[PDB]
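What follows is one structure encoded as structure tokens, with my remarks underneath.
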Amino acid sequence: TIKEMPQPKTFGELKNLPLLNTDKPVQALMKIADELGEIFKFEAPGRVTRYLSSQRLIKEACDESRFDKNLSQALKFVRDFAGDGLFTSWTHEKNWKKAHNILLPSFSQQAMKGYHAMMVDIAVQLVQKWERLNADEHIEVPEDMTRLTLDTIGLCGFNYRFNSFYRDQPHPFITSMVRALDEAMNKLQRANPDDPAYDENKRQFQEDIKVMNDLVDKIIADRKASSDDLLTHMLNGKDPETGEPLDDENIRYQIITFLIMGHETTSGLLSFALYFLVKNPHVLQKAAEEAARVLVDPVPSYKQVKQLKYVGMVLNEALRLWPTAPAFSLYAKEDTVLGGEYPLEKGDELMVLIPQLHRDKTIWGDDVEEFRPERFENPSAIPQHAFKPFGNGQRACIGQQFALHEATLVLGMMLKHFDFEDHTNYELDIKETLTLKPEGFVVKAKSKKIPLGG
Ligand code: HEM
Ligand SMILES: CCCCCC/C=C\CCCCCCCC(=O)O
């Protein structure tokens, strides 16, 4: 039975555009979905897409025989500086399958065991800063969490030291990154983008792109002048299928790609986790009993991090409520029918809105806004395609196990060494630069006086 598709109100030539006049576009689209349900069309001048929210319809869009990965308007604007690297290439470009095969070995169990000692070095530098603050003083949470995650990928991936804890303002690569992502998001809401009114926005965009690339030159110069790491395989590895290596131009696009996607989403996860623990004290208490029982030595081991079983349940429930890269896009390979009721033509686009999928009552029950880590107690026992914070199929996230090992280690050392206080009674305010993070979150931390090691 062929249905007409739902759609919000239109305004002559403007289409649906005056319904997103905001710096928080994903939060606004969540409100249109609660009003119309599992599927709606959305139009702006020149272009069209379709937003999906239920488990039954997202199960079908994830069939790789019928639909593949699409570049959204948002990733087309980022491609202006990340090129044909892993995150912004089409699946049919020569460099996608090639880079994939050449770089996959850097994420194996052997290599993970080899990164552990470098992760502890940055972790110790964070506990030392908080042990040395005076009693009149407080902590800025998302700012210190991005100091730890940028330095950690710098050392493990490239053997370079950004030294972010020897500065009291943010690193200069960070300042230009955050104005570039912001500009790309603002571009999406303009009617006529060519006018002389947007000439200065365009010139500032080029200045932030040159700042990022100046850092790439610096890393290339240090390896030259100087390992079995990510940079090693970029300069020497060969694709077992075609026998080719990567050219110079593609290699620069991969440095930029791994520095940005390799820290920004991990910082965001650690900030939401601490926010939910200080607003739920029966949950905080229990996660602290685990850290004190399991971590009996002066610095943590690789095998001990694997035993921190409840701290992992906490991290997954934080990603269910606020997944830190909150959408991904798809296109139809040939004419087809979706759900048994909506015909589609070769080429039309679809968009998975991840925070709505994670509030489907037919799958999780009627209490979807509560914070309850115990949902994840026997995981093999939750349906397939209900939980997707890392994407789908052959284009899923390559860094999944890296991030989760980093986060479980750092959160357990935080809970062993300090008690925390919500001193300003903080109200949640979520900032959007394509990705998500809580703005202005601040705390106080009192030390339990327990010594560190070497
Ligand atoms: C919890 C933190 C993280 C989250 C939530 C996350 C999420 C994602 C998502 C949603 C995609 C798919 C996007 C799409 O289909 O358009 C993706 C792909 C990717 N991710 Fe992550 N990520 C995280 C951490 C990392 C880390 C630590 C690295 C690197 C060390 C990384 C590197 C990449 C790369 C290179 C791709 C492109 C894969 C390909 O298409 O070949 N991410 N990630
Ligand atoms: C390497 C570059 C970093 C990639 C950062 C972006 C990742 C997540 C993209 C989510 C896009 C959400 C678009 C919302 C706006 C709209 O639909 O109008």
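Values quoted throughout were computed directly from the atomic coordinates according to the rules given, and no laboratory measurement underlies them. Methodologically, a virtual Cβ is constructed for each residue, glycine included, from the backbone with ideal geometry; neighbour enumeration extends over all protein chains shown.
Return yes when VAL216 is among the hydrophobic types (A, V, I, L, M, F, W, C), in contact with a strand residue (DSSP E or B) (Cβ under 7 Å, 6 or more places away or on another chain) and away from ligand 1 (no atom under 16 Å from the Cβ) and no when it is not. So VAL216 fails the test. Would you say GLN400 is touching a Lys or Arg at 6+ places or on another chain (Cβ under 9 Å) and surrounded by 12 or more Cβ atoms within 10 Å (Cβ to Cβ)? When the stated conditions are applied, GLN400 does not pass them. Restricting the first member to segment 271-283 and to residues that are assigned to a helix (DSSP H, G or I), and the second to residues that are of a type in the set (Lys, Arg), the beta-carbon pairs closer than 8 Å and six or more apart or on different chains are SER271/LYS437. Taking every residue in segment 420-438 that is within 11 Å of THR324 (Cβ to Cβ) and among the basic types (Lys, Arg) and pairing it with any residue that is part of a loop (DSSP other than H, G, I, E, B) and within 16 Å of ligand 1 (Cβ to nearest atom), at least 6 positions away or on another chain, the pairs with Cβ-Cβ distances below 9 Å are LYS437/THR324. Condition check: more than 30 Å from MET212 (Cα to Cα), outside any helix (DSSP H, G or I) and away from ligand 2 (no atom under 16 Å from the Cβ). Does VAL299 satisfy that? Yes; evaluated as a whole, the condition is true for this residue. Residues that are more than 16 Å from ligand 2 (Cβ to nearest atom) and in contact with a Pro (Cβ under 8 Å, 6 or more places away or on another chain) are absent from segment 61-82. Restricted to segment 316-361, the set of strands (runs of 3 or more DSSP E) holding at least 1 residues that are within 16 Å of ligand 2 (Cβ to nearest atom) and within 24 Å of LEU404 (Cβ to Cβ) comprises 327-332, 349-353.
Quick one: is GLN384 in a helix (DSSP H, G or I), on the phi < 0 side of the Ramachandran plot and under 22 Å from the mean Cα position of the chain (by Cα)?
No.
In this entry, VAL296 is excluded by the filter for residues that are over 25 Å from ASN70 (Cα atoms), surrounded by fewer than 17 Cβ atoms within 10 Å (Cβ to Cβ) and in contact with a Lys or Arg (Cβ under 9 Å, 6 or more places away or on another chain). Each residue in segment 387-412 was checked for being β-branched (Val, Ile, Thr) and within 17 Å of the chain's Cα centre (by Cα), and 2 of them qualify. If I filter segment 364-379 for residues that are surrounded by 13 or more Cβ atoms within 10 Å (Cβ to Cβ) and polar (S, T, N, Q), do I get at least one hit? No, segment 364-379 has no match at all. Taking the criterion of being within 13 Å of ligand 2 (Cβ to nearest atom) and surrounded by fewer than 17 Cβ atoms within 10 Å (Cβ to Cβ), the only residue of segment 33-43 that qualifies is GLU43.
Against the numbered list (1) near ligand 1 (Cβ under 10 Å from one of its atoms); (2) in contact with a strand residue (DSSP E or B) (Cβ under 8 Å, 6 or more places away or on another chain), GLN73 comes up short only at (1). Looking only at residues that are assigned to a loop (DSSP other than H, G, I, E, B) and of a type in the set (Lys, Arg) in segment 422-451, which one is surrounded by the fewest Cβ atoms within 10 Å (Cβ to Cβ)? Looking at the filtered set, the residue picked out is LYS449.
Within segment 82-100, the residues that satisfy the criterion of being loosely packed, with under 15 Cβ neighbours inside 10 Å and either within 12 Å of ligand 1 (Cβ to nearest atom) or farther than 18 Å from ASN392 by Cα (or both) are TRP90, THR91, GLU93, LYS94.
Here is a yes/no grid of residues against (1) farther than 23 Å from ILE219 by Cβ; (2) surrounded by 13 or more Cβ atoms within 10 Å (Cβ to Cβ):
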{"position": "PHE107", "(1), (2)": "no, yes"}
{"position": "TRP130", "(1), (2)": "yes, yes"}
{"position": "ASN134", "(1), (2)": "yes, no"}
{"position": "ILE153", "(1), (2)": "no, yes"}
{"position": "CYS156", "(1), (2)": "no, yes"}
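Figure legend. Inter-residue proximity from segment 226-249: first residues surrounded by 14 or more Cβ atoms within 10 Å (Cβ to Cβ), second residues of a type in the set (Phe, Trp, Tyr) and in a helix (DSSP H, G or I), beta-carbon distance below 8 Å, spacing 6+ or different chains. Indicated pairs: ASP229/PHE158; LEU230/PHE158; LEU230/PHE258; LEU231/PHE158.
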